[PDB]
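Chain naming follows the written order as A, B, C, D, E, F, G, H, I, J, K, L, M and N, and within any one chain the residues start at number 1.
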């Protein structure tokens, strides 16, 4: 039937269509998403981070520390 | 499952007025909705339809290019932004929810709102 | 409401030429389209029809197997690619839009483009 | 790969029971999963669905509002909180995984769990 | 491990009151701490946070600019100093220790003090 | 809570000019800030973004490789080092602060500076 | 911008080989990268993808469980650790950078390396 | 697709039998709906597809028909059935239209 | 859709040809799947889309049909093929529903 | 994403009603913000996410819309509110872009 | 993010089964914790990440759920489990908020 | 999705017009890319989304088509444009597959 | 983080190529180190940060990986390199945990 | 931490504007310094902490930057400012390193 209304059938089902592919969509956008929240993340780990550099900090203030114990 | 609208009032002809529709009690982001008038002295009349995503919209032949319909799925709202009103738009605007149907043809309007009166006069 | 064709020119017989057709001023994703040729000395002649999605296509018996019609709803364009052009295909190609009809039988062609001249000669 | 449930037992009518479903051997955060009942004397019956993210759920018409399906991608588990249990709900519950499909239409349930028995009686 | 508060009492509105929170039995200089209110007739409410060093600090939006939280890692002690106390701010104040989490996203409040009562009245 | 820039002036094309932006009244190290132009005869145009740490920077496609935005949380100061200036870049440059959002999708620019005028001419 | 691999050579069947892919001239931690073979006498074939974090990964159906791809954003490298090589795996392996797209459907591979020849024979 | 509902006014007593006729200018197959709108409120669905009933409505309401002739039957009129009833069609390629509506009045 | 499978129970021997017929009350296109459930276990997918074979299934199992008539054919019955077979559908706008299930027993 | 606003210049009087239309060349979902830049000053945020009001903004301002059509409505124009209004979009994977700006002038 | 718990009061006897449900107005993923505040004392953590058990808490307590629906289940109520149970959420960019809490009383 | 290109090898002279046809087994919408691999080098993007040009590519190259028919047209073949062109598809739920590729040889 | 290695025992001869696989129960980014403990002595660092080489270690040893999959590859096994190799992780907020050790044996 | 300075030689005249760029192979936060060594003398500090000015230096010298990109800006070149400028970094756990040094000559 070449002659059949090729328009959209406006009276269609506009609902949610429960049978849609619920999988992961492996072809997506794997990039940086530049419009992402550029803020401080208040819920970050406020603890001590035990696995931190326990070394000597070779670049530290080698000066005289003028505010030191001036007593015996 | 409650549907309430807002944004009514009385405005002079030629002005722009925006209606709203609040949805609660059901997953609003799963249903395509309608806007329907009820002009006293006449029956109901369809106005616009939104296709569950904002992808497709359709309007009555007498409001094309003046009435725009859009929905916010995050806030569970509908908006029928009306531009360049006439006296013929004096009516009560309802929201309508299209019932779930196991076909490709849609269903009747199952849940109706209460309606906001929009009057255009000089 | 504007529908513009492009991509015309002059090619040798046996070559391949593709055409373009841009739609503007109306939602292109909601209309099926036709391509109609105009050979000087003859009347309008149908070529191909696209079913609003690319899902269904139909061709004239004279160009079956050599003509491809396809649409890109994201850019509001039509593509009629001509392969193995012959001298008899020298005509002006128009885009036609099927008007909305409240039935299942379709309707006439509402909007026509200005057309582009495609000639084949040695 | 494997898919094993737990949390079954016998509870009195009206009590609340939580089921679990641990998935191993595959990337669990990639598949939308289902819960399926098996009442003896009747074929399998579908119960709920989880949309690979927890964003979308759809329930059987007889368990809407009494069953809550939710998933945790970090610990590779599923949960189906069952509230207001009745004597009818005595059936074996299965987990199902939706097969990868190269379309927009989903696929069948390929990987099924061994099932847990839930009994409601007085 | 023991965590006890102190410094509460009764003050007139508009005055300033300071609370102290002595931590004992654990390495205090390793934990980020909080302050939590418990108004009778309401649930627990979060007030402030201190980031294990004094480096970072966040407050509830209703106490910004009136409450100051600071810690003294050498004495194992917290301090929430109240300025311009109002009638609203009458509640019981608890210190909360953030649980160790093997990730970057913090954890819940495990070790809670016995709390102190702060009364603002005329 | 104020945000003021400096460093503007008149420089010849090809010369390098550096801008600064001092933030006061709020914790500057918690916010990712933007630089925005306002060319007379045009609307506002985005320039660069700094990601609250200096870890990530994105630029408008017309300034890549000539503009370097860097921040200093210790002194509460932004920098936009502009290299190889051309006559196009004559515009007023604004600082912008990104609003806190309870999500991962960012937010609009609430705090805007007063603008420093940069003129590039011979 | 530049994208150069290494780690090629000749190994016997059953042995393991690890390839590397150093990225220079662009920010590597923002792009999801691919690995593509090219067997002589056949066309290109996709192998694996890495999701800009290492969080998500996908492989060709014939290399699942034998090829493991992982990236090191701190040094701008890729690593396709090939285990249990076969005579089939004789090919040239390219890196690919996924072009930025203002959508959620990804884009094509815009930056390709020069490839390393991997030969498996005895 | 223009719809007409007859009779415009149907006066009946409690416990009587109510029949409402809806006619279409063009065939609407079995796609049709019946509504009820009490004054000052919003209409409520009663019948969809011209034969099936909405969940939650009493089994008192009934209707059937196909093509261009439709009927809505109330077995026994109840004190809360006095309202205006509207006829709606949604054909395949046709838009949604409503009739003028008939009102039920106490006899 | 209501899926009814016939015959309810069919007897067969080793190497005999077995055909199971599944019918749907509404058209389901080619969206249909078959399952095998040995007693005391969880059912295993055999055929998806009513024609394709799931990876790992033996070539004995086959299926064909479209619309409302579907069949499963086992060319040569085996001692491990004696189990209950189910017919599932997943239409475009309809939820998943399962059939009654036919049991293949030893003659 | 090309962003345009209409009308470019909107004459209005004190106490009148004002609506400004912002159109996006692509779908920006609900990510859109409205600004206000009096001459010689820096723009001040008024509406974020196309509906919510920034703290300190008077209740007169309101906005609505989604997809590609957004409007900003001033219920009662004050002598304060005569300034240039800008429309910004920040989509998911798109960068920040601004409209041309409509100028509200005294009538 | 507003967290509400139902039921607010839950009568139960010794050896019974108790479920307390916490609902979040916005998705809080798996970030949720349950507390127990006997009167006159300070609340003690019971469950973190909505599933795990804090060290020293008896195995009776358990929790499940994700997204916006959560549930704390006690397999066997003990004489010293009669106290107010609270709900907390600590999302990515959301601050810490507590529910109103439910009180368990003797029956 | 299996992608095939025709003709496998075509000879063209300098300044001639060249068309290469890529055919998809199933509809790939408009997601498609054309590459170019000179011998011994790495393939370079030419056209993405089946119509748009990659930045830096001369306006000489052009591509058109949607559904299952795609073509790449070189308006005026240059001495530099003699290489093998590959066709790639990346549908939404499909993986990336490349055509065999056509070699453009000097006449 | 529970750290596992594979294979538990590896037989190889002089001049062969040896790969030892270390797999993490949780993501450890690139923080990982490989040791070598000859019997009766103390383990010696070979690779730190899972890719770099400790000073003085012969260039034979190399490693790669990130996340949860790590490998140690020896291009030429010498008579020196017959000893047990351990995998250590030191994540950001995690403590130090070691693998069970794979012993390279003469063949 | 490899430090590089560009451009190596910068010809300029009296009263011109000179900018010297210093780039660090890794992030050195704001710890950076600039020196000036006239031929035959010992270098003297100009800028410390990458922004501050040493006591007694003319106000012409200025610098800015943080992370990996640092620049030194001379507002008005003077006849005693033609000397070699060096870039030094002293990060937290990194040692002191110097750049190659740029020489500003007379145009």
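Quick note on the criterion: contacts are C-beta pairs under 8 Å (C-beta built on N, C-alpha and C of every residue); 3 or more make two chains touch, one makes a residue touch a chain.
Counting only chains that touch, the fewest steps needed to get from chain E to chain N is 2.
Among the other chains, H has the CA centre that is most remote from the centre of chain A.
Legend: contact pairs of G-L compared by residue number with D-K, D-I or C-H; the interface matching in over half of them is D-I.
Rounded to whole angstrom units, the spacing between the C-alpha centres of chain L and chain N is 51.
Between chain K and chain L the centroid-to-centroid distance comes to 60 Å (mean Cα coordinates, whole Å).
For this pair, chain A with chain C, the centres built from the Cα atoms lie 48 Å apart. Computed centre separation for the pair chain A/chain K is 29 angstrom, with centres defined by C-alpha atoms. Among all residues of chain C, those that touch two or more other chains are 30, 101, 103-104. Among the residues of chain J, those in touch with two or more other chains are 31, 90-96. Among all residues of chain A, those that touch two or more other chains are 5, 7-8, 10-11, 13, 15-16, 18-19, 21, 23-24, 26-27, 29, 31-32, 34-35, 37, 39-40, 42-43, 45, 47, 50. Within the complex, the chain J residues that touch chain B are 17, 19, 27, 30, 50-51, 62, 64-67, 69, 71, 73. Chain B contributes residues 29-32, 49-52, 56, 58, 98, 100-101, 103-107 to its touches with chain A in the complex. Chain A contributes residues 53, 55, 57-59 to its touches with chain N in the complex. Chain contact summary for the complex, chain A toward chain F: residues 32, 34-40. The touching residues of chain H, when paired with chain C in their complex, are 1, 91-95.
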